[PDB]
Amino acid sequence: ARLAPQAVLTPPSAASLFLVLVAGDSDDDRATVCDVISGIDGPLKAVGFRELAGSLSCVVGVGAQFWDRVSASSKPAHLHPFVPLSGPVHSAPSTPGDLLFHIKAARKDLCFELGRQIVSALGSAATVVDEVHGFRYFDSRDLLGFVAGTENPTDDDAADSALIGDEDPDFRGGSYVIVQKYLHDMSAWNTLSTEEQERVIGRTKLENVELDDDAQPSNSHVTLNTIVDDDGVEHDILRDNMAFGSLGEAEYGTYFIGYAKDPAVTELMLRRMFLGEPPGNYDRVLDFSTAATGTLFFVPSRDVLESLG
């Protein structure tokens, strides 16, 4: 898929732009927004075509809110605002956002330039609330120094885990994406030993090998984020997390972003993480990282997105 919007299954990139906007209530504002997103291939190609490789992509997400202002008579089975969470020790907020632009490419400039054009073409119809500049950190690691994205599904597995299928035929090819902008306590995480961090995560640090069944804490991030139903079948998400940061504000982030054909799966994950399972037995990763955003979007197929207004 070269320079098509709503390409959910694109592999990891060296650079990322995550843009979250809220729209004006204005019916002008709402129509401008609809011109821009419904013709998103326009700027995508306009920018992306300028690089031989065509690495640029752009997934547009529409919040449950704004989706209702533009398509009253039609709705995907699982679209809703982000379910906030209140656990024993840690809390997942549910912040504002109508529009998500998930931009990826082999270079920063291509990313930013597409962002410049999307923002410029929306003028006053929308306002940027969250902006993360994602980046690859060494051999695909988060700023906690672990290889990040290892166990994502691929090929058919990824398509099945992430894209709306027969189960909701009106919106085939779409997805539900949840973002959370985590900031990290670097000095705290650094007081742990490698082995403790490995215990927290679920896998060895340098070698990125998953720990044995008998060495794996019942509250390792891995165990918490593994989902098996009654019949014995696993359910996966597709994560496109990037690192970001600012040195003189001491921010060191993991930008979480997970796509799934049904947000139930992501949501259960988030519950097992914040509330724990057994309850109270929560995800130790949360000790070292706090969510500062939390938002859910529907990712329309190319067709659905092209008809809006």
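The first residue of the sequence shown is number 1, and the count goes up from there.
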query: Out of 45 to 53 and 269 to 277, which stretch has the higher average CA B-factor listed in the record?
result: 269 to 277
task: Would you tell me which stretch averages the higher CA B-factor in the PDB entry, 229 to 237 or 177 to 185?
output: 229 to 237
task: Going by the CA temperature factor in the entry, name the top one among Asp170, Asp139, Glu198, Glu113.
output: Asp170
task: Using the entry's values, work out which of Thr204, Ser193, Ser73, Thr150 has the largest Cα B factor.
output: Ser73
task: Grab the CA temperature factor for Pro12 from the record and place it in the lowest, middle or highest third of its chain.
output: lowest
- line: Of the three thirds of the chain ranked by Cα temperature factor, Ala260 occupies the middle
statement: On the chain's distribution of Cα B-factors, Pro81 falls within the third called highest
- line: Of the three thirds of the chain ranked by Cα temperature factor, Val89 occupies the highest
task: For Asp155, return the chain-relative third of its C-alpha B-factor as stated in the PDB record: lowest, middle or highest.
output: highest
